[PDB]
Amino acid sequence: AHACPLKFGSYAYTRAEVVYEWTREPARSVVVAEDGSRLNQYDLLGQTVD
Amino acid sequence: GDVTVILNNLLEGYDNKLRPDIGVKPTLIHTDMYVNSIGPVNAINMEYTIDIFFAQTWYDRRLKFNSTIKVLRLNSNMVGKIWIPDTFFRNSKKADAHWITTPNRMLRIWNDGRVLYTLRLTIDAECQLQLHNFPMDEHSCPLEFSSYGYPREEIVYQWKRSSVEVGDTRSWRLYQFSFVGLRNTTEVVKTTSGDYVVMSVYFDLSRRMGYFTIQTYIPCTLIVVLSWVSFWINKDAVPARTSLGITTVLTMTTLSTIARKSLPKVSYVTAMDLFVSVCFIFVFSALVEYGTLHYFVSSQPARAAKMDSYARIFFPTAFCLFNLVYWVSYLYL
Amino acid sequence: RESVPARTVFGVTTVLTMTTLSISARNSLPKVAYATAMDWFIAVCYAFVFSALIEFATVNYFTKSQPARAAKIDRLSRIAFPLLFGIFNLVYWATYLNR
Amino acid sequence: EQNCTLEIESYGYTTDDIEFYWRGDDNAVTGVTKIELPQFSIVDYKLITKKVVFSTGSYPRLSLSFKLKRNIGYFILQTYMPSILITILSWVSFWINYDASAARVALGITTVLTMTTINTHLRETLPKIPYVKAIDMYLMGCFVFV
Ligand SMILES: *[C@@H]1O[C@H](CO)[C@@H](O[C@@H]2O[C@H](CO)[C@@H](O[C@@H]3O[C@H](CO[C@H]4O[C@H](CO[C@H]5O[C@H](CO)[C@@H](O)[C@H](O)[C@@H]5O[C@H]5O[C@H](CO)[C@@H](O)[C@H](O)[C@@H]5O)[C@@H](O)[C@H](O[C@H]5O[C@H](CO)[C@@H](O)[C@H](O)[C@@H]5O)[C@@H]4O)[C@@H](O)[C@H](O[C@H]4O[C@H](CO)[C@@H](O)[C@H](O)[C@@H]4O[C@H]4O[C@H](CO)[C@@H](O)[C@H](O)[C@@H]4O[C@H]4O[C@H](CO)[C@@H](O)[C@H](O)[C@@H]4O)[C@@H]3O)[C@H](O)[C@H]2NC(C)=O)[C@H](O)[C@H]1NC(C)=O
Ligand SMILES: *[C@@H]1O[C@H](CO)[C@@H](O[C@@H]2O[C@H](CO)[C@@H](O[C@@H]3O[C@H](CO)[C@@H](O)[C@H](O)[C@@H]3O)[C@H](O)[C@H]2NC(C)=O)[C@H](O)[C@H]1NC(C)=O
Ligand SMILES: *[C@@H]1O[C@H](CO)[C@@H](O[C@@H]2O[C@H](CO)[C@@H](O)[C@H](O)[C@H]2NC(C)=O)[C@H](O)[C@H]1NC(C)=O
């Protein structure tokens, strides 16, 4: 079992210039469509944002 | 000196959005090709690459000048400022011009407004190969081209005397096919937009069997003639004959793999695939024939005695008959 | 000669090994449509193996009815096949290394 | 059969700023019948027009749908006939009288070998769908029988 990450952020702006925050609660700001799972091998259980 | 003034005047009061004689008459474009090569023809994707020098010549009375110089011979630099026809290849899965070291275009403008515009293209044309008679098949794959937005009453294409001409035809990257000839054609097609003049350059190709012979025909034939050895092996050598038969089966399946490995998943019986299937059926029949002989031994040895002598001549003669009918029928197409 | 299963297994399994080897070699080669030097080598080798198993077929057919001629043909095959293969290899390597 | 769609939408403009429709609504999509798929066959296609309602509003949408039915001749001839023929060869061990043990062992275990070789070559050649399929079930049936 794996935990594939998707990490993004700002290039060239440090913590003191551009701070990112999820627009809502963390786990309600990354939503996978109900038919959005194009995997043959694995089973997407659920995400976990941070 | 004078040429800069000529060019500045030519592009002064110009409008590259309007084809020459927009409202008067259709623009007549004479097209030439020079096939540098015809790359591989991969039947898996049903596409063939081709490298050409596409040249189009038309007349633009806005680009008419008077001066002692009879022709202006320019780079790609001016190509983006004058009207260029939107010719495109209707059967190209992916085409691209060349841009090294500098765009590979060419523009030439004569006194009377005749413009010649040449570029170098590599087109991955598509042609749906009808893969019957494999590997003894012959195809005719087209390179078609027409305007994209201008219908028949706005742009008309017209071939020349020596429009399409091949090069060496020996440096071509053809692997299994062989170049035999080409034809030029013109037609008018009906589209959602209108009636478009579609020009075609059919290229005729013939597959070459020098590879499939050694790969499949020879080994399958030898494996069958090898499986026949069971008949001449005595009837008491039970394990020997059984191992012979089954090992020939295993080899035949190994060969039947490589048979189809080459082709796409066409859902019909190609010729070589029919041949390999028939050879596998012959090996199957030989093994089951020995099995039935062995079974009949304990019951009727006299009946079993004549079966081997019958098979020894029925199997080779049957295979020769099948081979004759096969090779005669598939070469008469 | 009596070890008919043994010699039959040599014949057939060597044919299978040569089949696999030829398949692999021509998998390594691109898919040209004409015979290469390696292809000629493979073809002659496969013909040699086929000849070996055919010699067994004939010797077995004659054995138990004509042991004298069976043994005679077996001895000539022993003496001849290696010599023919060696001469083939010599001429092949000469002709394809002189170039 | 595979139901493959192509969805056409407006990114920013909503229904009260743009509307989509098929020009003809029966003959807007052309050339579907002339398509020649080596492995499939266009049995049917449909055109749909609707307005999908998202949180911020209703956006126009068109949908072009095809139903692809996969051809079966290639799979039959290259996967199912060989398996059945090797199964019959496996059955041949019964007609061989019991006392011949070397022959029956050789036949049975070499048929197992051939079944495995066919299965592995089918692995190699076929598309790599890493979940269980009907063809996999059939090959397991054949291997169990051998
Ligand atoms: C979605 O987004 C996509 C990405 O944003 C987008 O794709 C982009 O589309 C645009 C528009 O079609 C493309 O821009 C054009 O690109 C043409 C070149 O295309 C080939 O090369 C590029 C890379 O370009 C380099 O090479 C050319 C040739 O040398 C240079 O001209 C370029 O500037 C650039 O060179 C720089 O980089 C080099 C390193 O690569 C350096 O060595 C060099 O020094 C430079 O620094 C490839 O990316 C292309 O591949 C892709 O596209 C092809 C399409 O054919 C596909 O088939 C392929 O598979 C790839 O997908 C391709 O290989 C440029 O020629 C072109 O520039 C001319 O046109 C514009 C607009 O018309 C003019 O403004 C411009 O000035 C140029 O015109 C002048 O020069 C031409 C020369 O031919 C003259 O004929 C013309 O008359 C005119 O001269 C006049 O202006 C001159 C000023 O330069 C002046 O000097 C003259 O004197 C005169 O006044 C144009 O830039 C872009 O490449 C695509 N990008 C990608 C990644 O594909 C896509 O469309 C979007 N989709 C939608 C639906 O919107
Ligand atoms: C392939 O899949 C798509 C979507 O999964 C199928 O589209 C569906 O088609 C049916 C029949 O046209 C639609 O039913 C319609 O419902 C509306 C109610 O708004 C009604 O007005 C129509 O008369 C019809 O009953 C269904 O809505 C539609 N689904 C979606 C999500 O668009 C399609 O039929 C499948 N088959 C093919 C060959 O494409
Ligand atoms: C190439 O196309 C041309 C025009 O469609 C064919 O016909 C020749 O065209 C030239 C230029 O107009 C005439 O001078 C000849 O008299 C035409 N010959 C005919 C009609 O037989 C030409 O035959 C085509 N050539 C090939 C190889 O396809």
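The rules behind the values
- Residues numbered from 1 in each chain as written, not as in the entry; some residues may be left out.
- Chains lettered and ligands numbered in written order.
- Part of a larger assembly, values for the part shown.
- Heavy atoms only, no water.
- UniProt positions renumbered as here; feature names shortened; annotations may be inferred.
- Domains from an automatic or database assignment.
- Contact = heavy atoms within 4.5 Å.
- Buried area = accessible area lost by both parts, 1.4 Å probe.
- Salt bridge = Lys/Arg side-chain N within 4 Å of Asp/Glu carboxyl O.
- Polar contact = N/O pair within 3.5 Å; in protein donor to acceptor, adjacent residues only side chain to side chain.
- Nonpolar A, V, L, I, M, F, W, Y, C, P; charged D, E, K, R; others polar.
- Helix = DSSP H or I, 4+ residues; strand = E, 2+ residues; numbered from the N terminus.
- Expected span 1.5 Å × (residues − 1).
- Buried < 20%, exposed > 50% of the residue type's maximum accessible area, 1.4 Å probe, protein only.
- Arc of directions from axis to C-beta.
- Near = heavy atom within 4 Å.
- Areas by Shrake-Rupley, 256 points an atom, 1.4 Å probe, with all protein chains shown as cover.
- Disulfide = S-S within 2.5 Å.
- Bend = angle between axes of the 7 residues up to and from the residue.

Going by the header, the method for this PDB entry is cryo-EM, and the resolution given is 3.0 Å.

Per the PDB entry, chain C goes by the name Gamma-aminobutyric acid receptor subunit alpha-1 and belongs to Homo sapiens.

In the nomenclature of the PDB entry, chain B corresponds to Gamma-aminobutyric acid receptor subunit gamma-2 from the organism Homo sapiens. Check the Catalytic activity section of the UniProt entry for chain B; it says "chloride(in) = chloride(out)".

A. Here's a closer look at the domain arrangement of chain B. Residue and element names in this part refer to chain B. Parsing chain B into structural domains produces domain 1 (1–208) and domain 2 (213–331). Spacing between the C-alpha centres of domain 1 and domain 2 amounts to 54 Å. Across the contact, ten residues belong to domain 1 and 13 residues belong to domain 2. Roughly 960 Å² of surface becomes buried between domain 1 and domain 2 when both sides are summed, with 74% attributable to carbon and sulfur atoms. Where domain 1 meets domain 2, there are zero salt bridges. Where domain 1 packs against domain 2, one counts two residue pairs in polar contact. Of the residues contributing to the side of domain 1 that touches domain 2, the split by class is seven nonpolar, three polar and no charged.

B. Geometry of helix α3 (residues 134–145) of chain D. Residue and element names in this part refer to chain D. For α3, which comprises twelve residues, the first-to-last C-alpha distance of 17 Å matches the rise-based estimate of 16 Å (1.5 Å per residue) to within 8%. Buried within α3 are the following residues: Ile135, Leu139 and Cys142. End-on, the buried residues of α3 take up no more than an arc of 60 degrees, which puts them together on one face. Exposed side chains of α3 directed beyond 90 degrees from the buried face belong to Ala134, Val144 and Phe145. Those residues of α3 that are buried lie in contact with α1 (73–95) and α2 (101–125).

C. The arrangement of the site of ligand 3 in detail. All names here are of chain B. Taken together, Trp159, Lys160, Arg161, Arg183 and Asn184 make up all the residues around ligand 3. In the complex, the protein chains occlude 40% of the 570 Å² of accessible area that ligand 3 would expose alone. A class-by-class count of the residues in the shell around ligand 3 yields one nonpolar, one polar and three charged.

D. Structural view of the UniProt feature "disulfide bond" in chain B. All names here are of chain B. In this structure the UniProt-annotated cystine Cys127-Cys141 is intact, with an S-S distance of 2.0 Å. Here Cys127 is found in the loop between β8 (114–126) and β9 (138–147), whereas its partner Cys141 is found in strand β9, with 14 residues between them in sequence. By the burial criterion, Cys127 is buried, and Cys141 matches it.

E. Structural detail: the pattern of salt bridges. Per the counting criterion, the structure on display carries 15 salt bridges over all chains. One salt bridge connects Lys25 of chain B with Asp21 of chain B, and the closest N-O pair in it is separated by 2.7 Å. For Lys25 of chain B, a relative accessible area of 44% corresponds to the partly exposed category. A salt bridge links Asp74 of chain C to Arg78 of chain C, with the shortest nitrogen-to-oxygen separation between them at 2.8 Å. Within this pair, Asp74 of chain C and its partner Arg78 of chain C are both found in helix α3 (residues 67–98), separated by four residues, close to a single helical turn. Judged by its relative accessible area of 56%, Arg78 of chain C falls in the exposed class. Residues participating in the shared-partner salt-bridge network are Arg241, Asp308 and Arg312 of chain B.

F. Geometry of the interface of chain C and chain B. The partner chain B presents 28 residues to the 24 residues of chain C that form the contact. Summed over both sides, the interface between chain C and chain B buries roughly 2,300 Å², with carbon and sulfur atoms accounting for 77% of that surface. Taken together, the links from chain C to chain B amount to zero salt bridges. Counting across the interface, chain C meets chain B through one residue pair in polar contact. With eleven residues, the single largest contributor to the side of chain C that touches chain B is helix α1 (residues 4–28) of chain C. Residue composition of the side of chain C that touches chain B, by class: 17 nonpolar, four polar and three charged.

G. Fine view of helix α6 (residues 301–331) of chain B. All names here are of chain B. Helix length check: α6 (31 residues) gives 45 Å between terminal C-alpha atoms against 45 Å at 1.5 Å per residue, within 8%. The sharpest bend along α6 reaches about 25 degrees and sits at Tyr310. Buried residues belonging to α6 abut α2 (210–227), α3 (229–232), α4 (238–261) and α5 (271–297).

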